[PDB]
Protein chains: 2
Amino acid sequence: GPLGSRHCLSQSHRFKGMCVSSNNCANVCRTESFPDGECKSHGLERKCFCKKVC
Amino acid sequence: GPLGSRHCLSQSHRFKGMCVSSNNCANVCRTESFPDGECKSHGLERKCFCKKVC
């Protein structure tokens with residue numbers, strides 16, 4: 001399929017606590033004007049990262 | 001940050017091998033049309049992430 005856009009991530013400003021639903025993260029990120037978002041782990045911390053085209 | 005610009009990260013397309021020096025990562029990222037870059041660890045990988053204002 002078509003050559004896709006490159007994506008950029010930024011940790012959520014609003015999301016609270018452990019990120020264990022990427023759908024919930026994506027919706028919180030929509031309140032921050034990003035179209036998408038996903039949970040990511042670093043060590044034992046799971047955080048919400050908002051996602052847009054760079 | 002909070003009273004500054006919000007920044008976005010995108011894993012480098014061109015950077016090869018383990019990211020040791022964030023200066024080297026930033027320079028490779030400049031060839032990718034990002035103004036900055038930095039090494040970040042996840043799992044047993046240290047990778048170069050290009051960095052711009054969202």
Side-chain angles (χ1 to χ4, degrees):
Chain A
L3 187 51
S5 317
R6 185 160 178 175
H7 296 281
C8 270
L9 294 176
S10 181
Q11 190 176 332
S12 171
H13 285 194
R14 299 181 151 106
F15 193 97
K16 302 300 208 181
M18 287 285 97
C19 194
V20 295
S21 164
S22 288
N23 270 203
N24 295 170
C25 172
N27 286 312
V28 172
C29 288
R30 289 172 185 122
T31 76
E32 302 179 45
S33 297
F34 292 76
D36 201 8
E38 62 202 9
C39 302
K40 301 192 89 81
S41 299
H42 184 45
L44 299 169
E45 283 285 317
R46 292 165 181 266
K47 300 189 286 282
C48 170
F49 287 82
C50 302
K51 185 170 181 189
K52 64 185 281 294
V53 164
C54 292
Chain B
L3 300 163
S5 303
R6 182 169 183 164
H7 292 99
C8 270
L9 292 177
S10 178
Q11 191 166 330
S12 169
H13 287 199
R14 302 191 186 182
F15 193 95
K16 298 291 172 183
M18 297 287 183
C19 196
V20 182
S21 170
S22 287
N23 282 27
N24 295 347
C25 175
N27 284 314
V28 173
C29 287
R30 289 173 183 119
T31 77
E32 298 183 47
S33 306
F34 287 76
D36 203 359
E38 65 198 19
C39 302
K40 298 222 156 228
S41 292
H42 176 53
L44 303 167
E45 304 283 315
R46 201 156 186 263
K47 290 290 159 276
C48 167
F49 288 76
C50 301
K51 184 174 188 183
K52 68 179 285 287
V53 178
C54 294

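Residue numbers begin at 1 in each chain, while the letters A, B, ... track the order of the sequences.
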>> Can you tell me if A:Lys52 has over 12 outside heavy atoms packed within less than 6.0 Å of its NZ?
In response: yes
>> Please classify the contact of A:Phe34 with chain B as side chain, backbone, both or neither, using a heavy-atom distance under 4.5 Å.
In response: side chain
>> Report, in residue-number order, which members of residues 6-17 of chain B are under 4.5 Å from chain A by heavy-atom distance.
In response: B:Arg6, B:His7, B:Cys8, B:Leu9, B:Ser10, B:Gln11, B:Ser12, B:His13
> Can you list the residues that meet the side chain to side chain donor-acceptor pair (under 3.5 Å) rule with B:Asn23, with sequence neighbours excluded?
Replying inline: none
> Can you name the salt bridge (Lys or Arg N to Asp or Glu O under 4.0 Å) partners of B:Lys51, sequence neighbours left out?
Replying inline: B:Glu38
> Mind checking what makes salt bridge (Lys or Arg N to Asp or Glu O under 4.0 Å) contact with A:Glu45, not counting sequence neighbours?
Replying inline: none
